[PDB]
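**Student:** To start, I am sharing the structure in question, which I have written as structure tokens.
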Amino acid sequence: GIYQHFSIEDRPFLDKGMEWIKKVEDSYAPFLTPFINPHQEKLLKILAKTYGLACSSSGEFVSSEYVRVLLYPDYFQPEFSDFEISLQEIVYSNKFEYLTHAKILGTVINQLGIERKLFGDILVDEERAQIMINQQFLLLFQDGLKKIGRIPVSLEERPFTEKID
């Protein structure tokens, strides 16, 4: 098919995307990406088609801005669990998306020099708050994210059914 022209700005990501595609070629097994933004998702979908590897985005299962993508041979198979995403309720508010985000990227208070690529959306409009995380890092979040600012918090698993706007 015909897709939108890439830009110079896209090259660093596309370079990574080509590495991921090669992993799948080498292994004839699925490769799961870190969290990426919607523009990056669109770029990887184009590359995958070009090579033509099958591609599924976690955004096609749970609507979100940040997504993880699975690249895979045709025999596979994908279920939502293959994206290795956990929803965590931040029990006792933030209140802010900004304040939660800040605490996550570093900190210390309470710990957490956590890279953007290890988590996706932080969700709030309100007083309840949640974060979508790479479940490989569940302990890092559950044991590390114990206060934001001044206010103590506790992270608990919730179904994506229970997922905030």
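Chain labels A, B, ... are given in the sequence in which chains occur in the structure tokens; within each chain residues are numbered consecutively from 1, and ligands are likewise numbered from 1 in the order shown.
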Considering only alpha helix (DSSP H) as DSSP defines it on the backbone, what residues of chain A qualify? List them as a ChimeraX atom specification.

**Tutor:** /A:11-27,38-50,97-105,138-144

**Student:** Taking 2 positions as the minimum chain separation for residues in the same chain, which residues sit within 8 Å of residue 134 (chain A) when counting only C-alpha atoms? Answer as a ChimeraX atom specification.

**Tutor:** /A:34,84-86,118-119,132,136-138

**Student:** Return the single residue from A:58, A:33, A:71, A:65 that is closest to residue 46 (chain A), with distances computed using only C-alpha atoms.

**Tutor:**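 Once distances to residue 46 (chain A) are computed over only C-alpha atoms, the minimum belongs to A:71.
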
**Student:** Out of A:96, A:76, A:28, A:35, which residue has the shortest atom-to-atom distance to residue 59 (chain A) when counting only C-alpha atoms?

**Tutor:**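 Looking only at the distances to residue 59 (chain A), the closest residue turns out to be A:35.
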
**Student:** So which residues touch residue 128 (chain A) within 12 Å, counting only C-alpha atoms, skipping near sequence neighbours fewer than 4 positions away, as a PDB file with C-alpha atoms, in the first residue's frame?

**Tutor:**
```pdb
ATOM      1  CA  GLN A  88      -2.735  -0.171  38.826  1.00  0.00           C
ATOM      2  CA  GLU A  89      -5.124   1.877  40.897  1.00  0.00           C
ATOM      3  CA  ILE A  90      -3.312   4.550  42.887  1.00  0.00           C
ATOM      4  CA  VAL A  91      -5.271   4.088  46.114  1.00  0.00           C
ATOM      5  CA  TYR A  92      -5.465   7.476  47.752  1.00  0.00           C
ATOM      6  CA  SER A  93      -5.573  10.008  44.906  1.00  0.00           C
ATOM      7  CA  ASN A  94      -2.833  12.025  43.417  1.00  0.00           C
ATOM      8  CA  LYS A  95      -4.625  14.349  42.884  1.00  0.00           C
ATOM      9  CA  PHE A  96      -2.748  15.638  39.724  1.00  0.00           C
ATOM     10  CA  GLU A  97      -1.637  13.779  36.533  1.00  0.00           C
ATOM     11  CA  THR A 100       1.933  11.503  39.662  1.00  0.00           C
ATOM     12  CA  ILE A 122      -1.656   7.935  33.797  1.00  0.00           C
ATOM     13  CA  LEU A 123      -5.415   8.415  34.173  1.00  0.00           C
ATOM     14  CA  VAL A 124      -7.286  10.890  36.380  1.00  0.00           C
ATOM     15  CA  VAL A 153      -0.458   5.981  48.179  1.00  0.00           C
ATOM     16  CA  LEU A 155      -0.929   0.614  44.123  1.00  0.00           C
ATOM     17  CA  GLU A 162     -12.508  -0.894  35.723  1.00  0.00           C
ATOM     18  CA  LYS A 163     -10.404   1.499  33.715  1.00  0.00           C
ATOM     19  CA  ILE A 164     -10.769   5.267  34.034  1.00  0.00           C
ATOM     20  CA  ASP A 165     -11.624   7.444  31.010  1.00  0.00           C
TER      21      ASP A 165
END
```

**Student:** Just list as JSON, numbers by chain whatever in region 4-157 of chain A DSSP marks as strand (DSSP E or B).

**Tutor:** {"A": [31, 32, 36, 54, 55, 56, 57, 67, 69, 70, 71, 72, 85, 86, 87, 88, 89, 90, 91, 119, 120, 121, 122, 123, 130, 131, 132, 133, 134, 147, 148, 151, 152, 154, 155, 156, 157]}

**Student:** Go ahead and compute the interatomic distance for CA of residue 41 (chain A) and CA of residue 129 (chain A), in Å to one decimal.

**Tutor:**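 Atom-to-atom, CA of residue 41 (chain A) to CA of residue 129 (chain A), that is 24.9 Å.
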